[PDB]
């Protein structure tokens, strides 16, 4: 009863709600779609993970987003804790307004948006987001979710244990940068990315200013940021893009990869024009990103999230 993961039904007094219609958010369409790989649907409709150094369980009803946090006596979340949630989901941004705009300038989006409401963007933590997507290159969401889990168990701060699951906070830069980490990561199966993680942790700390440098980009231009990030080992244009979009507040950043090419080609009959190649190339990718930008606007990145999400559901 008081043990294991909570459920709205079983521990009523331990939950608190945030006004939020499904139309403005769909947990099942956001949390497992590859923005963040730290959420797991332990119970049906209930998602658990680490949000702001604490473990939470989220679930929703037609017009409410019910929350519950595990920290010392169990109690409903506090208004300030609850704000951590609203901030993480950027609830101030009205998906309805965005969806409307995109829908009016793109008949196709209109078409797709009907069956996929509530796809918004999470505003993630720089570090967690940087190393997660570093693990994402040339890989699939299932493996990624796995690696990121082991990485946190191995180098993350132990939070709490629910049932047979022990939650860890995301590793710090110091930890990731530690002696012999690459070896360890390699045993955890991070593949050739083991080195990217280690190399980047050190690069950030031992030659870029450390955590502050990174957090500084959140105020720099998408241009600056994307530029700055590519410096890092394992970080290219696409990865630098996912990070700008989901952690650095650059909503026009449009991650381009095979997924987007399939979307572009199949639903827009898109082709590179001012580019040499016919297929994916650094020059063609940039073009595609620009295409989607001029199509959707300042929040092109968010619109991208909507389709990319629906492309995983194909």
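Positions refer to the first chain, counted from 1.
Going by the PDB record, how many residues of the deposited sequence fall between residue 71 and residue 72 without any coordinates: none, 1 to 3, 4 to 9, or 10 or more? Missing residues, residue 71 to residue 72: 1 to 3.
Selected stretch [higher average CA B-factor]: 252 to 260 or 274 to 282: So the stretch with the higher mean C-alpha B-factor is 274 to 282.
On average, which has the higher Cα B-factor in the deposited entry, 209 to 217 or 143 to 151? Between 209 to 217 and 143 to 151, it is 209 to 217.
Per the PDB entry, which option out of 138, 97, 161, 172 has the greatest Cα B factor? The record points to 138.
Among 57, 269, 61, 35, single out the one with the highest C-alpha B factor in the record, please. Answer, based on the entry's C-alpha B-factors: 61.
Relative to the other modelled residues in the chain, which third contains the C-alpha temperature factor of residue 198: lowest, middle or highest? Ranked within chain, residue 198 CA B lands in the middle tercile.
What third of the chain does residue 307 rank in for C-alpha temperature factor, lowest, middle or highest? It belongs to the lowest third of the chain when residues are ordered by C-alpha B-factor.
Which third, lowest, middle or highest, does the C-alpha temperature factor of residue 300 belong to within its own chain? Bottom third by C-alpha B-factor.
When the modelled residues of the chain are sorted by Cα temperature factor, does residue 115 land in the lowest, middle or highest third? Highest third - that is where residue 115 ends up once the chain's C-alpha B-factors are sorted.
Within this chain's modelled residues, let me know which third the CA B factor of residue 11 belongs to: lowest, middle or highest. It belongs to the highest third of the chain when residues are ordered by C-alpha B-factor.
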